[PDB]
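Only one chain is shown below, in structure tokens, and it's the form deposited in one PDB entry.
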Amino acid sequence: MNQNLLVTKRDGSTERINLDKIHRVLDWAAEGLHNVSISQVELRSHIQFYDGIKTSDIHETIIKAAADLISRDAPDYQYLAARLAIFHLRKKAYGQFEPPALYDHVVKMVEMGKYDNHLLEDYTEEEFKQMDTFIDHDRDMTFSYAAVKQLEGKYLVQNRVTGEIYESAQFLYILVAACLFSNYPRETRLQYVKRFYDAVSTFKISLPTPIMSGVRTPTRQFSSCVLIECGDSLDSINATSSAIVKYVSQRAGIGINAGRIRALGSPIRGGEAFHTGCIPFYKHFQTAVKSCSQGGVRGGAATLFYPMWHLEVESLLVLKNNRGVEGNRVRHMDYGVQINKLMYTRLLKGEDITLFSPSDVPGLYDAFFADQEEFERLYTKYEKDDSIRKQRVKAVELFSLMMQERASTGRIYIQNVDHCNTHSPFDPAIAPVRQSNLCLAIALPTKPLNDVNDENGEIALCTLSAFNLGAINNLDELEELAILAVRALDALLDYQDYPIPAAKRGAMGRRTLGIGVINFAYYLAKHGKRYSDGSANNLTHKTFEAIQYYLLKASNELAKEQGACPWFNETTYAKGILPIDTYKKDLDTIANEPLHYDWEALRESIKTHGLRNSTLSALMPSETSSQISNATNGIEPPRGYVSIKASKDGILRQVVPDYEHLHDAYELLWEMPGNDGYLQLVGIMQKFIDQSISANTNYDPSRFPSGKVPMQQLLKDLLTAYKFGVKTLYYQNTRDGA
């Protein structure tokens, strides 16, 4: 009759219940939301309250309670949950809800070794006083539950043993800003810091995990993925392997080109025993790839590339096929099959495809990427030469075999090597593109290493970022954003550290960036377009011309200010060539949208002053950054309106943006009747993109007689892709609801 319920606090222990405090907090968090029952939430969490429960559990319980009500019909639960979590996380890091003054926080963190000490060296207390005025901690209320789960799980500075969280999202953004523009002239430094801070805190620009979690801390490792090219020599094999080990140790995704390794049977090159062929080395690269992962299999991802005509291609194509002898299988690495025009033509004309070890056909491999004419010449020549070891395969058999394995595993990727060189930012004669990265989006020059510290080797890297098409109002807001994205990444290039000499060489040499989009699907839904009917062709054309034009303008503006990248002379940009001049001709037949920008002015401006960065755009997928912004992933249509994630804290649900008004506007992934629509859109985007796009093919068995996808359909989509200039093809997804 004084039946209380004693709450226990952070070693301050005992104290009576405060169910009216709780309601106030809840009531607050609900402010502005529609369709959320505070009573419902209280009911569901009060029932699990027990006498001496700690306050921290009261928060967890009320948070989950709110999170478990997330649905398509009551989507504001994601914010009610998020805000509760945000509130909890403030108290958790600061003791109050109100964040400490920025200077105080930075000071405290520097003494604790959690932030880089250079922050205080580079900025004055007065400069921190001023940044604090830019900060808006109320923006923490705009995150969705899954986004807070992500920030909390892998972005905010915390102690992973104790569990202690040390910062709040707004300090993250403001300090990312400050670190990246720390070297700017006092005159403009803080105007940039603010502009960027705004951009990222209001989700206009997304930033990769390594950057968001690291910049502001003592680390200098920000690599997402590297591209290494192996020469046909034990020295190079070794070096490649060494490089892979250093890089997976830093969590980077690996793209390996092992296409020049001579085939099994070929002669010992005085000491180098390649009698045994490619597989044994591939296996060796896989162990290297997995050297810093959990059991010897969990974590550490890579994609290995080889030409379709390599002599061991049929053995190579079935490396992930589980039914087979252990010795002839490298199942934990994806493969990238490299194809060009002539291969396809052999398929079309029902003719044969000749396999050759690269060691035996002088000039063929280089020609394959750089000059199709020459490739054809050397190819036909070597087919007739009976001295040359070769094998014949019916092109149909080879293609089907590849598509089959692609179909079953989903991880046998295609790379159109002519497309990558005839429509690229680089001169193929000097710096050709002969491979991609792990998720087939990056396309950059690489040179084999002869030792791990070889200074004449070149490794390409992933320097990324993205525009949120959902958070811009008009495409003319991209000019400001391009500036900020390009400037911040270019600074990162000089800020971060390089574990391997050949990877510094490429970054400093070409200053290559890969900026892409996220929220494409939601963007199309707001404009009432769809993916499969071709209704989004002109809008896509309009949107990617704007993205590429402003990225080049920002990079051009930057070369003016601080000088073009050292190797700008190796780009097609340097010779007055633009993406609008080399795109695949057939696109003209599926989109009439006219360029709205002065490309001719820019052409001269580039020829004259050059480009800071040699490449600027690349469309990567991005589950994590998209989640932070409550955005659909990269350019992909969503699988359904509500996506589900597992956690230790319960089931995390996230509802597609503005489901309330756009449920009928969205075209879910399995609603598309086939792939033509989408591939057309990818081809259009590819007109303007410097690198490549992680494009998927998707098939639903329900749509086919006897539930089996015809090899015909698979080849037809493959050729459709090539016909509209698609550079790469990533995953293949199969099913009808996930």
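Numbers for residues come from their place in the sequence shown, where the first is 1.
Unshown form deposited with a small molecule bound; subsequent notes refer to it.
Mapping the unseen interface onto this chain, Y123 falls outside it, with no heavy atom inside 4.5 Å of the small molecule in the bound PDB entry.
The small molecule in the bound PDB entry is not approached by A554, whose heavy atoms all lie more than 4.5 angstroms from it. Not displayed here, the small molecule is kept clear of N698 by more than 4.5 Å at the level of heavy atoms in the bound PDB entry.
Not displayed here, the small molecule is kept clear of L715 by more than 4.5 Å at the level of heavy atoms in the bound PDB entry. Site residues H59, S233 and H275 are all in contact with the small molecule in the bound PDB entry, judged by any heavy atom within 4.5 Å.
Checked against the small molecule in the bound PDB entry, the residues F281, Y659, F134, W567 give one hit for a heavy atom within 4.5 Å, which is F281.
This chain is displayed alone, yet in the bound PDB entry one of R269, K349, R220, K560 has a heavy atom within 4.5 Å of the small molecule; that residue is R269. Comment: 258 to 266 is the region of 424 to 432, 258 to 266, 541 to 549, 491 to 499 lying near the small molecule in the bound PDB entry, near meaning a non-hydrogen atom within 4.5 Å.
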